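These notes are about the structure you will find just below.
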Ligand SMILES: Nc1nc2c(ncn2[C@@H]2O[C@H](COP(=O)(O)OP(=O)(O)O)[C@@H](O)[C@H]2O)c(=O)[nH]1
Ligand SMILES: Nc1nc2c(ncn2[C@@H]2O[C@H](COP(=O)(O)OP(=O)(O)O)[C@@H](O)[C@H]2O)c(=O)[nH]1
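Chains as they are written, first to last, in the numbering used here: chain A, 4 to 180; chain B, 10 to 187.
Shown next, in the form of structure tokens:
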């Protein structure tokens, strides 16, 4: 019954697009976002998905670009719509500072796996959105002080966003200067 | 850095059922919160049993789902968008509260995750326009799909659940139980 299509990105090595199946009828939809059996093999042995988070954001909010040295992230949108943008922040990568966009609609389920040293960002194109992500890492959670931040509009990255005037946290503003 | 926190209270009326309340960082952009960590919450289920399965149910207004359960699955349930009337039923025949129930009205204003042990009846009713229902499942071995689950009628008079309507939208499984 439960299934996952798993494709590697054609642009960024190590980034995977996971597409679950669902039971859909007129009443709504039911689906499995993760099982340990099918998806734990996306991260190397000894590192476990052990942390689930949600971000409720309003229209025109942009969060990013955030990353750290050890955390794998499995991300999606379970209500509304986001422009999810993954940035290659691995300095030893031949695609360093290239990016890939997924427009993730809660009607079309797509989970994106980001390895460590990748930049995570998203922009809310719907009225509200709910962003779900699982984190896999060893040891303590890497909070804001232990993360790096690239500016949402860094010209070296050149991300194509739907606006020039998003709503940004003070952290995400600070990175523009 | 606002630290990740969980308040954990046992239900005053159904032994073995826990109400988990996370903290949140709220600002003008919206909200960020942690629904689960292994470090804080794995101790809600006995040793050897792991939360290993995450599911979502997107439903419309007036949809009722339930009452579903099985012999071995622990469930950690909440609503991450909209509002549900979450109702837990004690389906443990040894229990002195067998077929009693407890309601939690769950939304982002009262962000609340409910832990159900095995042999408990899980149900919810969607009181908002749309809702997203998130739940984690902990169990050993294979997933228990619909044929290996029990079903009590949403309106079973022996249970006597107070729902906001007499005319919910029901799956054919949940109708069959009438
Ligand atoms: N792909 C997928 N299908 C699911 C999931 N959960 C439930 N279903 C399907 O939803 C269908 C309807 O569920 P339900 O009405 O409770 O039981 P049934 O009518 O007796 O099968 C079943 O065929 C399940 O296999 C899931 O996580 N993923
Ligand atoms: N309570 C809680 N706070 C969190 C969580 N995740 C992040 N935060 C906090 O949210 C705040 C805002 O993050 P952000 O604006 O991106 O970074 P900041 O501006 O440097 O604080 C920080 O203080 C984090 O510690 C969580 O799961 N729960």
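Every residue gets a Cβ at the ideal spot worked out from N, C-alpha and C, and that includes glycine.
So is the beta-carbon of residue 181(A) under 8 Å away from any non-hydrogen atom of ligand 2?
Coverage of chain A is limited to positions 4 through 180, which leaves residue 181(A) absent and any answer about it impossible.
Helix, strand or coil at residue 43(A) according to DSSP, with G and I counted as helix
Position 40 of the first chain, counted from the first residue, corresponds to residue 43(A). If DSSP states are grouped into helix, strand and coil, residue 43(A) belongs with the helices.
Which residues of chain B have a Cβ atom closer than 9 Å to the Cβ of residue 32(A), listed in chain order?
The residue labelled residue 32(A) in the question sits at position 29 within the first chain. Within 9 Å Cβ-Cβ: 65, 66, 67 and 68.
Tell me which residues of the segment 70 to 86 of chain B have at least one Cβ-Cβ distance to chain A shorter than 9 Å, keeping chain order.
Against chain A - using a Cβ distance shorter than 9 Å - the residues of the segment 70 to 86 of chain B are 72 and 74.
Would you identify the three-state DSSP class for residue 41(B), choosing helix, strand or coil?
Mapped onto the second chain, residue 41(B) falls at position 32. Look at residue 41(B) here: in three-state DSSP terms it is strand.
For residue 182(B), name the three-state secondary structure that DSSP assigns.
The residue given as residue 182(B) occupies position 173 in the second chain. In the structure shown, residue 182(B) adopts helical secondary structure according to DSSP, grouped into three states.
In its own chain, which residues sit with a C-beta less than 7 Å from the C-beta of residue 144(A), not counting the 5 before and 5 after it?
The residue labelled residue 144(A) in the question sits at position 141 within the first chain. Scanning its chain for C-beta atoms nearer than 7 Å, with the 5 sequence neighbours on each side dropped, one finds around residue 144(A) the residues 54, in chain order.
Are the C-beta of residue 4(A) and some C-beta of chain B separated by less than 9 Å?
Within the first chain, residue 4(A) is the residue found at index 1, counting from 1. Yes, because at least one Cβ of chain B sits closer than 9 Å to the Cβ of residue 4(A).
Would you kindly report the start and end of the unbroken beta strand (DSSP E) that includes residue 121(A)?
Position 118 of the first chain, counting from 1, holds the residue named residue 121(A). Looking at the DSSP string, the run of the beta strand (DSSP E) that includes residue 121(A) is 121 to 127.
Sufficient close CB pairs (3 or more, under 8 Å) joining the segment 56 to 74 of chain B to the segment 63 to 76 of chain A
Contact fails: fewer than three Cβ-Cβ distances are below 8 Å.
Determine, for residue 113(B), whether the minimum Cβ-Cβ distance to residues of chain A falls below 9 Å.
Here residue 113(B) corresponds to residue number 104 of the second chain, with the count starting at 1. Closer than 9 Å: no.
Distance, residue 58(A) Cα to residue 46(B) Cα:
As a first step, residue 46(B) is located in the second chain; it is residue number 37 there, counting from the start. As a first step, residue 58(A) is located in the first chain; it is residue number 55 there, counting from the start. Inter-residue distance for residue 46(B) and residue 58(A) is about 16 Å (C-alpha atoms, whole angstroms).
Is there at least one non-hydrogen atom of ligand 1 closer than 8 Å to the beta-carbon of residue 145(B)?
Within the second chain, the letter at position 136 stands for residue 145(B). The answer is no for residue 145(B).
Check whether the Cβ of residue 35(A) lies closer than 8 Å to any heavy atom of ligand 1, and answer yes or no.
As a working mapping, residue 35(A) is identified with position 32 in the first chain. At a cut-off of 8 Å, the beta-carbon of residue 35(A) counts as near ligand 1: some heavy atom of the ligand is closer than that.
Return yes when the Cβ of residue 181(B) is within less than 9 Å of the Cβ of residue 74(B), no when it is not.
Here residue 74(B) refers to the residue found at position 65 of the second chain. Here residue 181(B) refers to the residue found at position 172 of the second chain. In this structure, residue 181(B) does not lie closer than 9 Å to residue 74(B) by Cβ.
Span separating the alpha-carbon of residue 178(A) from that of residue 154(A):
Within the first chain, the letter at position 175 stands for residue 178(A). Within the first chain, the letter at position 151 stands for residue 154(A). Each residue's Cα considered, the two are about 5 Å apart.
If the cut-off is 8 Å on Cβ atoms, which residues from the segment 115 to 149 of chain A count as contacting chain B, listed in chain order?
For the segment 115 to 149 of chain A, which is checked against every Cβ of chain B, the residues closer than 8 Å are 131, 133, 135, 137, 144, 146, 147 and 148.
Helix, strand or coil: how does DSSP classify residue 157(A) here?
Indexing the first chain from 1 puts residue 157(A) at position 154. Note: residue 157(A) maps to coil in three-state DSSP.
Could you check if residue 44(A) is buried or exposed, using at least 16 other CB atoms within 10 Å of its CB as the buried criterion?
Within the first chain, numbered from 1, the residue matching residue 44(A) stands at position 41. With fewer than 16 other Cβ atoms from the protein chains shown falling within 10 Å of its own Cβ, residue 44(A) counts as exposed.
Which class does residue 8(A) belong to by DSSP, given the choice of helix, strand or coil?
The residue given as residue 8(A) occupies position 5 in the first chain. DSSP places residue 8(A) in strand when its eight states are reduced to three.
Can the beta-carbon of residue 115(B) be found closer than 9 Å to that of residue 93(B)?
Taking the second chain and counting its residues from 1, one reaches residue 115(B) at position 106. Taking the second chain and counting its residues from 1, one reaches residue 93(B) at position 84. Pairing residue 115(B) with residue 93(B) gives a Cβ-Cβ distance under 9 Å.
Would you call the CB atoms of residue 122(B) and residue 41(B) closer than 9 Å?
Stepping through the second chain from its first residue, residue 122(B) is reached at position 113. Stepping through the second chain from its first residue, residue 41(B) is reached at position 32. No, the pair does not count as a contact, with Cβ atoms beyond the cut-off.
C-alpha distance - residue 24(B) paired with residue 79(B), whole-angstrom precision:
Counting from 1 along the second chain, the entry for residue 24(B) is found at position 15. Counting from 1 along the second chain, the entry for residue 79(B) is found at position 70. Computed Cα separation, rounded: 18 Å.
With 16 other Cβ atoms within 10 Å as the buried cut-off, status of residue 43(B):
As a working mapping, residue 43(B) is identified with position 34 in the second chain. Counting the other Cβ atoms within 10 Å of the Cβ of residue 43(B) gives 16 or more, which makes it buried.
How big is the Cα-Cα spacing for residue 133(A) and residue 35(B)?
Numbered from its first residue, the first chain carries residue 133(A) at position 130. Numbered from its first residue, the second chain carries residue 35(B) at position 26. One Cα belongs to residue 133(A), the other to residue 35(B), and the distance between them is close to 14 Å.
Residues within the segment 42 to 54 of chain B neighbouring chain A, beta-carbon criterion of under 9 Å
So the close ones are 42, 43, 44, 45, 46, 47, 48 and 51.
Identity of the residue in 48(B), 148(B) and 156(B) nearest residue 4(A) by Cα:
Counted from its first residue, the first chain places residue 4(A) at position 1. Closest in C-alpha terms to residue 4(A), from the list 48(B), 148(B) and 156(B), comes 156(B).
Against chain B, does residue 82(A) count as a neighbour if the rule is that its beta carbon must be under 9 Å from one of theirs?
Position 79 of the first chain, counted from the start, is the residue given in the question as residue 82(A). True, the Cβ-Cβ gap to chain B drops below 9 Å.
CA nearest to the CA of residue 113(B), picked from 60(B), 37(B) and 131(B):
As a working mapping, residue 113(B) is identified with position 104 in the second chain. Answer by Cα proximity: 131(B).
Are the Cβ atoms of residue 129(A) and residue 62(A) separated by less than 9 Å?
Numbered from its first residue, the first chain carries residue 129(A) at position 126. Numbered from its first residue, the first chain carries residue 62(A) at position 59. Taking 9 Å as the cut-off, the beta carbon of residue 129(A) is found closer than this to the beta carbon of residue 62(A).
Interface residues of chain A around residue 61(B) at Cβ under 8 Å?
In the second chain, residue 61(B) corresponds to position 52, counting from 1. Under the 8 Å cutoff, chain A gives 38, 39 and 40.
Just to make sure I have the definition right: I need the residues of chain B whose C-beta is within less than 7 Å of the C-beta of residue 9(A). Which are they?
Translated into positions along the first chain, residue 9(A) becomes position 6. In chain B, no part has a C-beta under 7 Å from the C-beta of residue 9(A); the shortest such distance is about 16 Å.
Residues bridged to residue 70(B) by DSSP?
Position 61 of the second chain, counted from the start, is the residue given in the question as residue 70(B). BP columns for residue 70(B) are empty, so no partner.
Could you check the C-alpha separation between residue 177(B) and residue 157(A) for me, to the nearest Å?
As a first step, residue 177(B) must be located in the second chain, where it is residue number 168. As a first step, residue 157(A) must be located in the first chain, where it is residue number 154. Rounded to the nearest whole angstrom, the C-alpha separation of residue 177(B) and residue 157(A) is 51 Å.
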